[PDB]
Structure formats: structure tokens, C-alpha cells
Amino acid sequence: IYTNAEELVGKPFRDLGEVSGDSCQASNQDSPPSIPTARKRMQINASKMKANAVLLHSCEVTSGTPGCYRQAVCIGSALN
Amino acid sequence: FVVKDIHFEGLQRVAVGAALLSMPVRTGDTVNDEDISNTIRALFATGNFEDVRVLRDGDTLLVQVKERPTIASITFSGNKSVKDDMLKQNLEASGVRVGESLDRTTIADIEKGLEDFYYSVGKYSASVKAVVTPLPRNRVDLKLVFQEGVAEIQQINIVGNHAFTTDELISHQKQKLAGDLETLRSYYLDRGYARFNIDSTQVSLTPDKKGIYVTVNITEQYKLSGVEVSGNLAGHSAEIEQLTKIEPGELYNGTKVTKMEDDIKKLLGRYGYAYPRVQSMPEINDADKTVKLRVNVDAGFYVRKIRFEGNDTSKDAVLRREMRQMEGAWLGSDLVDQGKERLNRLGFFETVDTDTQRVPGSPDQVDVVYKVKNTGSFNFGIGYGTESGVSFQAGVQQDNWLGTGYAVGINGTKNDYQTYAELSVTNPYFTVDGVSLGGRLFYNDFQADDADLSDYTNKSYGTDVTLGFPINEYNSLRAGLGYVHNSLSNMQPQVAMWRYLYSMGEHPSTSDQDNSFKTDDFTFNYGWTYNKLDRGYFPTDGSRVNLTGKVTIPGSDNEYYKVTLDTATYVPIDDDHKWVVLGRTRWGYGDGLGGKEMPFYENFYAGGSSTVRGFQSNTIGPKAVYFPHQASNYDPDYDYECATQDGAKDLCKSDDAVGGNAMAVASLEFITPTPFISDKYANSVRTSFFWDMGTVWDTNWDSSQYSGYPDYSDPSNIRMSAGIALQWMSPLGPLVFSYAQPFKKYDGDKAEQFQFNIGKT
């Protein structure tokens, strides 16, 4: 998994598109938003897209998800 | 002219002996003016004299000299880029070095020269200045001041292109471009131009060091004629024809060929051959203007070791499972590929590759070596909202903590109301199915007052183990066991709350705030989930349903069950999925079993940004019915609820929410595109028009006894609120603006028209 764009400066890559991964928390008295489970669920998405490592854009914890209370979602780009 | 004496004046670092002979004239010789401009030019050509004057005295021949200044040191200032030794190195080669005597005529030439070297890196123009400071005797310090400025580019042009416009090629920091040239070379090879060649690449320049122009000259036509396979095929001739399949009108491409060369190599690898060789030679036909590809195949067991290297964090035991074939057994090249991804999927490493090495002193055995390349992950958030207020949350993660394979998460949360701290141990792939072990140890301090409810305090602790085994990739089921301990305290006496305390067998004072209740509960938790959402974030189609079901297992002080169901359904309206219809529903209903009641800390509540927008958090449902009581810190000209000291003699109807055992909420939203934001970034913004409906009630309410009080058993009282919502992925983090109007509101329901929440990581 790659963090910034500087890490790949001058490299031949194929951008498959966009992939996402998230973890949901329905109530206050429920398990917390799991960011590492959201980074993995983004990679399985990129591996169904078939890629080695993913280009992570920004991992942020959502306040307004119409199914939960708090949801941590990691947005990334699948690369070959 | 007869010379009977010769003398030299100004000699220092050059002895007489030198001069005496390295001049044609000598003592006792006859001299003419020819011998003057021979002697002078000869002594000048010694390259040791600043200046020379050789002339005749009556009888004496006198030499008047000035020796060149001898360099004592060469100092450099302003040279940020070039190393001082490197710069000295260039100079030593030119002829200028310490000990050498400087030629005050060549400084300019030295300048041109150093300036010349300065093209080595980006500075195609600069100014070098010579300080030629004098010193003792006739020595000199030559100091060099460098005015070095640092490359520029705007025009990249292609000449000799008739197949494509320059702009059409431009469709896809510049100091050095090598891989990029190969990428644009491939542009032509991908379109069938096998006889494409780059003849030259010129770097043009303007007067200053800042102005560069790139010209790439080209020689551009060909196509495919056919594929011909020949070699020790190993009898798989039937399969190879499928790999070398060709479409009519195929324009030649050297990478697609290589893909096939590797596919044949992979197939023969799958069949046990360790080193299958596939070579391809193109038969060039300029006559047909099409290449005919000749492919030579040359097909060339057991595994002694399955090695693990690069695991400097994960001990050499956890990784022993992630594959599809054992050590001390037969090799399966496909089984190596099946289990290849299994190392990447964990997210425990960064880069992973395979190597097959021959076992020492064995004609059939091979060691398969997998090379694996950070595990500590730190996540920190800080937000502000209508529910949580200022919310602090942090989690420390270690995926391969001390080489156990289990991931340890220590997460802490603090809202305005509750404070939660948990320690978690997780294994996302514990068995064959993809089952996890949701180990959790926790602590929750709950403050009801801050949660906009009737006052009470709940400090709780316990543990949970939840085993989730997947079924369908759309459907996931979880089930587990949990122990909890709740020490309730500081409860302001109200009917509702007390009702439950009486169910438990606990009977406290209804005029005192001084109370404490301790329970120990064991529970069996289950949770079914279905997700067919097209996207986890900003979904545009599909539906997600969640079921939660808690139940007390005998031995627990409390005896109740709780059941909730979340529904979310997205239905797209346009072909581009920019206009969507949403349907959210939340149901919840728990109750007491042993004639008892479900605890009030386990009640459901509606309202807030969460549910029914337009209403203050948790304000929906039953309200408290306080008993007359004496407040502890009583102060007049301060508001209290049903305080005897304020003149309270009977039960008080109130505005403070208490929630209930039964609740249902629904929303019908209509997602549209954000009004003025451009499509370029309109994927981060979600506008929405929602119609919210909701209610909470209590099935254990006594309508009959409390006639002067509202029927908190009546579920018919539906609240509705319609609004507008706006969600953004602003740089700050996630966000929402939910301006709603609650048109249908009942008794003491508190409004909160503008809502919102923000994050960061």
C-alpha cells in the first residue's frame, strides 16, 4: 500500500480505477470504527480489481452514514 | 656586443642556475638585438615570470624580472551544488593548483572553464569571480565567488509524426526523462508500428540557464501476419492453440506477445516443468508490410524447503498457513499462485515475490522462497457534533504484535456524554471460511444528563467474544458471548426508571437522589447482516440490512432480550447514478423476561442527526414523570425538576426524554447532485431531500394508574420532519449540514433545526 504520489514519481503503473473499504458502528454502545479493517476491505476491493498495492487517498471517519452512527472509510486507487 | 657579466634582478623562487642556461645568451658571448627577442621570448617561455626585461648595460647584460605569484591556496564561496574537492579537481586538471605559479592572463579562461563545468547540473549560466588576494613574499590566495542560480521547461514538440497530431500525443519536475521516452515509444508499438524508431532527441535552449525546449524526432508502418508454434511442446499442443489465438485485423504489439509467451510459460510451469523456455523471432516482411511471428517453445517434482525471508517483525511461525501446498511434497505452480495473494491480503507486509532455487545436490528437488517486505498503525480523530459535542477518539493498532498473527487495537473514545475505552484482539481469517474472533475488553462511563436524557450515571465494564462466520459475500452472520457489569448511580427519581427497579426487586427512596444499583449480566449476542450495496461510501444502489439481537443467558441478574433492525435501500433513477432514492428504517424492541423489565440504560431513542433530523438528540419518546424529591446541592434562582424545596408536593410532567422499549423510525430520502459544484469533484458531495418519521414508546407504561399523565404506551404519536441534507468530504474530514423542519412534533419535543458533525485522521 502507497501513501503519497511522490513514492511513485517516475514509474510505469496502470490505474484500474477507484476502490473503497469501510467499518460500521451502529450505536454508542457498539464496537468502534476500525480504520485497519477499512484499509484491508479497500485492498480486497483492489485485489478483485487485481492489484499488488493500493494508492491510499484519505482515511476519514464519517459522521453521517445512513445505516450507522460512525463509519471509517478508506478511499484508494488500485495499481499494477 | 661582448658580455663579460650577467646579472638577474627579482629572482626568488627561481635560482640563478635555471635562468643562466634557459636563455640562449651566456657570459663571454657576442650579442645582437636578434638574441634579445630570443632571450626575452625564451625566459618568458620559462612560464615562471610575471614580467621580463633583458637589456644591455655598458659592459654588463642585465635581466630585470618579476616572478609569477605562487598559489598558496584556492578557496571557494557560493558553490552550494559542486563539492569543494570536485571543484578543486577540475582546477588541478586545468593547470591551477596550490604550488603552481598563476598566470594572471588565464583567470578569464579559468572563469570560462569553471562556468563550462557548471553545466554538469541545472545551472546552464552563472558568474564566477576571481579574488586574487596577495600574501607574504610573493604568494597569492585565489578565492572564487560563485553566483549560481538553478533549469526550465514549457515546450515538448514532436516532428516527423503524420500518424498522430502533436496535441493528440500530448494526451497522456523535468530534469531527466528516460522511462517517459520509452512510454511514448510504446504509444506507437501499441498501434501496430513495429518498425517505429526514434532517430534523435534534441534539448534546445534560450540565453539564460532557465529556458529549455525538447524536440524528439521520429521515423514511423506494419501489422500482424500470424503466429507459428514449434518445439518440445510436451504434448500440450491442444492447449497452446487457445493461448496463441488471433483476431483478424490485428495490429502488431510486442507486449501482448510477451503476455502470451508468459502464459505458455505459466501453463508449462503448472504442468511441473520448472524452466519452460519461450522465444519468439519476428520474420519481417516489408513486401506484405506485416510481421510473421515465429515462436520457439522449449519445455524443460519436489519441494525440500518452503522458506520465509524479510520477516523482521513477524516471527517465523504465523506465516506457516497462508498457501495451497505443503513442504516435503510435490510442487504445483498453480497452488503457488492460488496461495500467492494470501500473503498480500493480510496487509501485514508491503511487497511480496516468489523465487524457485535448486536444492544442493539434487536432480529434481527445489526450494520455494517467498520474500515478504511496517505493522504499527496509529489512528487519531477529533470532532465536534450535536450528539457527541467535542469528541476525542484514538486507536493504536499492531497487526503482527509480537508475532501472534492477531491484531491488537487499543481504542479510546470520549463524547460529551459517554466515555468508552476498549482493548481488542482480532484475527480476520482465523479459519477456512474467513471467520473472525472479535475479542473485546472494555470500560464505559455513561452520563445520561449530557445525553439530553433524565439524569442517571452508569459506570460499566466487561468483555465480549464474537465469532463471525461468512455465508454469501452479501450475507455475513456474527454470534458471541459477552459479560457486563453495570454500577448505576445518581438517579433523579422518576416513575419510569423506578418501575424497572421494582421489577428487579430493588426499592429505593423516591425523595432522595442517593442511590446505587449493581448488576452482573451474561449475554448471548447475535447479528445477521446483508449488504448488496454497490459502494460502501456514498452508495447509489443496493440495500443493507442489519439485525442485532441480545438475550440474557440464565444466571444474569437482569432478564431481558433486545432486538433491532436497520434497513438502508438505494435505488438509482438515472443511468449515470446521480439521482437516487433512499429508504432507511430502524426498528427496535426489547423487553423483560422474568416478570422483570429491560434496563433503562438499554432503552432506544430517536431524534438527532442520527435518525429523525429537526429534533434534538434522543428527545423523541416518553418523557420523565418525576417524583417530589429533595435536591442535594439546592440553590434558589436555579431550575430543578420536581424539587420539594421549590414547592413540589406531587408528580411532575416533564420535557426530559427517557426513551423506551419500543421504537421505530423511517426515512425516505431523495439524493440529487449538489447544485453548483463541478462533476470534476462532485463525487465527494451529496445533497439530499429527506422525509423523516419516528416514534418510541413504552409497552410497560400504566395508563390506568397515571390518568393525569400522557399515555407513554401510545405508539400512534408519529413525529415527522422534512428537510435538506448536505454531506461533503471537505479537507477537514467528513461533514453534514442537515437543516430540517419538524412539522409533526408532540409534547415537549425539543427542536434542533440545524445539525452537523466533522472528523479528521
# chains A, B, ... in the order shown; residues from 1 in each chain; ligands from 1

$ select_by_dssp --residues "chain A" --states "strand (DSSP E)" --output "ChimeraX atom specification"
/A:19-25,53-62,70-79

$ interface_residues --of "chain B" --to "chain A" --cutoff "6 Å" --atoms "only C-alpha atoms" --output "ChimeraX atom specification"
/B:568,733-734,757,760-761

$ write_last_selection --atoms "N, CA and C atoms" --output "PDB file, in the first residue's frame"
ATOM      1  N   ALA B 568     -31.442  -0.014   4.976  1.00  0.00           N
ATOM      2  CA  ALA B 568     -30.999   1.061   4.118  1.00  0.00           C
ATOM      3  C   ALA B 568     -31.165   0.557   2.676  1.00  0.00           C
ATOM      4  N   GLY B 733     -12.188  16.850   6.838  1.00  0.00           N
ATOM      5  CA  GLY B 733     -12.678  15.496   7.032  1.00  0.00           C
ATOM      6  C   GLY B 733     -14.131  15.369   6.604  1.00  0.00           C
ATOM      7  N   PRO B 734     -14.882  14.377   7.120  1.00  0.00           N
ATOM      8  CA  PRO B 734     -16.294  14.259   6.733  1.00  0.00           C
ATOM      9  C   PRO B 734     -17.282  15.253   7.340  1.00  0.00           C
ATOM     10  N   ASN B 757     -21.788  17.413  12.040  1.00  0.00           N
ATOM     11  CA  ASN B 757     -20.645  16.679  12.593  1.00  0.00           C
ATOM     12  C   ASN B 757     -19.432  16.674  11.671  1.00  0.00           C
ATOM     13  N   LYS B 760     -11.479  13.977  11.291  1.00  0.00           N
ATOM     14  CA  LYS B 760     -10.053  14.080  10.879  1.00  0.00           C
ATOM     15  C   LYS B 760      -9.357  12.794  11.264  1.00  0.00           C
ATOM     16  N   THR B 761      -8.252  12.476  10.584  1.00  0.00           N
ATOM     17  CA  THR B 761      -7.441  11.312  10.898  1.00  0.00           C
ATOM     18  C   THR B 761      -5.948  11.644  10.874  1.00  0.00           C
TER      19      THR B 761
END

$ residues_around --residues "residue 43 (chain B)" --least-positions-apart "5" --cutoff "8 Å" --atoms "only C-alpha atoms" --output "PyMOL selection string"
chain B and resi 19+22-23+49+52

$ write_last_selection --atoms "N, CA, C and O atoms" --output "compact mmCIF listing (two decimals), in the first residue's frame"
# COMPACT_ATOMS: atom_id res chain seq x y z
N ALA B 19 67.75 30.07 -14.79
CA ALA B 19 67.83 31.15 -15.72
C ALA B 19 69.09 31.09 -16.59
O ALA B 19 68.94 31.06 -17.81
N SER B 22 68.67 28.48 -19.38
CA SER B 22 67.37 28.55 -20.03
C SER B 22 67.09 29.98 -20.57
O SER B 22 66.05 30.59 -20.33
N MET B 23 68.11 30.47 -21.30
CA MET B 23 68.27 31.70 -22.06
C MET B 23 69.50 31.47 -22.97
O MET B 23 70.52 30.94 -22.50
N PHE B 49 57.73 33.87 -14.97
CA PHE B 49 57.93 35.30 -14.76
C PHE B 49 56.72 36.22 -15.02
O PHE B 49 56.24 36.28 -16.16
N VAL B 52 59.22 40.38 -17.88
CA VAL B 52 60.65 40.29 -18.23
C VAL B 52 61.16 41.49 -19.03
O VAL B 52 60.53 41.95 -19.98

$ residues_around --residues "residue 389 (chain B)" --least-positions-apart "4" --cutoff "9 Å" --atoms "only C-alpha atoms" --output "MDAnalysis selection string"
chainID B and resid 383:385 415:417 757

$ write_last_selection --atoms "N, CA and C atoms" --output "PDB file, in the first residue's frame"
ATOM      1  N   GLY B 383     -13.462  15.422  16.752  1.00  0.00           N
ATOM      2  CA  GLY B 383     -14.623  16.003  16.108  1.00  0.00           C
ATOM      3  C   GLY B 383     -15.497  16.846  16.992  1.00  0.00           C
ATOM      4  N   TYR B 384     -16.478  17.477  16.366  1.00  0.00           N
ATOM      5  CA  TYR B 384     -17.477  18.278  17.050  1.00  0.00           C
ATOM      6  C   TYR B 384     -18.837  18.025  16.389  1.00  0.00           C
ATOM      7  N   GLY B 385     -19.884  17.774  17.192  1.00  0.00           N
ATOM      8  CA  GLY B 385     -21.235  17.495  16.703  1.00  0.00           C
ATOM      9  C   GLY B 385     -22.367  17.923  17.613  1.00  0.00           C
ATOM     10  N   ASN B 415     -17.066  11.367  24.292  1.00  0.00           N
ATOM     11  CA  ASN B 415     -18.048  12.284  23.714  1.00  0.00           C
ATOM     12  C   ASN B 415     -18.337  13.318  24.805  1.00  0.00           C
ATOM     13  N   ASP B 416     -19.470  13.988  24.716  1.00  0.00           N
ATOM     14  CA  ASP B 416     -19.910  14.839  25.783  1.00  0.00           C
ATOM     15  C   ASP B 416     -20.500  13.908  26.815  1.00  0.00           C
ATOM     16  N   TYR B 417     -21.342  12.958  26.359  1.00  0.00           N
ATOM     17  CA  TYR B 417     -21.953  12.007  27.261  1.00  0.00           C
ATOM     18  C   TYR B 417     -21.166  10.808  27.811  1.00  0.00           C
ATOM     19  N   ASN B 757     -21.788  17.413  12.040  1.00  0.00           N
ATOM     20  CA  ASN B 757     -20.645  16.679  12.593  1.00  0.00           C
ATOM     21  C   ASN B 757     -19.432  16.674  11.671  1.00  0.00           C
TER      22      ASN B 757
END

$ residues_around --residues "region 462-469 of chain B" --least-positions-apart "2" --cutoff "8 Å" --atoms "only C-alpha atoms" --output "ChimeraX atom specification"
/B:433-443,460,471,476-485,525

$ residues_around --residues "residue 18 (chain A)" --least-positions-apart "3" --cutoff "9 Å" --atoms "only C-alpha atoms" --output "PyMOL selection string"
chain A and resi 15+46+75-78

$ residues_around --residues "residue 619 (chain B)" --least-positions-apart "2" --cutoff "7 Å" --atoms "only C-alpha atoms" --output "PDB file with N, CA, C and O atoms, in the first residue's frame"
ATOM      1  N   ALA B 606     -34.852   8.158  19.712  1.00  0.00           N
ATOM      2  CA  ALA B 606     -34.918   8.723  18.383  1.00  0.00           C
ATOM      3  C   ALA B 606     -34.681  10.218  18.462  1.00  0.00           C
ATOM      4  O   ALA B 606     -34.722  10.797  19.548  1.00  0.00           O
ATOM      5  N   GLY B 607     -34.379  10.815  17.327  1.00  0.00           N
ATOM      6  CA  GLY B 607     -34.033  12.221  17.246  1.00  0.00           C
ATOM      7  C   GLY B 607     -32.526  12.381  17.142  1.00  0.00           C
ATOM      8  O   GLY B 607     -31.724  11.522  17.579  1.00  0.00           O
ATOM      9  N   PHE B 615     -35.114  17.395  15.219  1.00  0.00           N
ATOM     10  CA  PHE B 615     -35.293  17.197  16.649  1.00  0.00           C
ATOM     11  C   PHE B 615     -33.985  17.079  17.359  1.00  0.00           C
ATOM     12  O   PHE B 615     -33.024  16.536  16.797  1.00  0.00           O
ATOM     13  N   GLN B 616     -33.966  17.554  18.616  1.00  0.00           N
ATOM     14  CA  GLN B 616     -32.824  17.443  19.487  1.00  0.00           C
ATOM     15  C   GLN B 616     -32.597  15.975  19.766  1.00  0.00           C
ATOM     16  O   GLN B 616     -33.547  15.207  19.802  1.00  0.00           O
ATOM     17  N   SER B 617     -31.329  15.579  19.914  1.00  0.00           N
ATOM     18  CA  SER B 617     -30.910  14.199  20.165  1.00  0.00           C
ATOM     19  C   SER B 617     -31.708  13.549  21.286  1.00  0.00           C
ATOM     20  O   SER B 617     -31.929  14.157  22.326  1.00  0.00           O
ATOM     21  N   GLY B 621     -39.858  10.232  22.190  1.00  0.00           N
ATOM     22  CA  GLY B 621     -40.338   9.175  23.066  1.00  0.00           C
ATOM     23  C   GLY B 621     -40.948   9.653  24.357  1.00  0.00           C
ATOM     24  O   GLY B 621     -41.342  10.815  24.487  1.00  0.00           O
ATOM     25  N   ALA B 657     -36.268  13.622  28.009  1.00  0.00           N
ATOM     26  CA  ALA B 657     -36.526  12.296  27.466  1.00  0.00           C
ATOM     27  C   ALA B 657     -35.936  11.203  28.330  1.00  0.00           C
ATOM     28  O   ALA B 657     -34.992  11.419  29.094  1.00  0.00           O
ATOM     29  N   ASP B 749     -41.324  18.001  22.878  1.00  0.00           N
ATOM     30  CA  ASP B 749     -40.290  17.584  21.954  1.00  0.00           C
ATOM     31  C   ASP B 749     -39.457  18.830  21.647  1.00  0.00           C
ATOM     32  O   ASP B 749     -40.004  19.860  21.231  1.00  0.00           O
ATOM     33  N   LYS B 750     -38.151  18.755  21.957  1.00  0.00           N
ATOM     34  CA  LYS B 750     -37.199  19.842  21.756  1.00  0.00           C
ATOM     35  C   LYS B 750     -36.647  19.843  20.319  1.00  0.00           C
ATOM     36  O   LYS B 750     -36.156  18.813  19.840  1.00  0.00           O
TER      37      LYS B 750
END

$ select_by_dssp --residues "region 263-414 of chain B" --states "alpha helix (DSSP H)" --output "list in words"
residues 263, 264, 265, 266, 267, 268, 269, 270, 333, 334, 335, 336, 337, 338, 341, 342, 343 and 344 of chain B
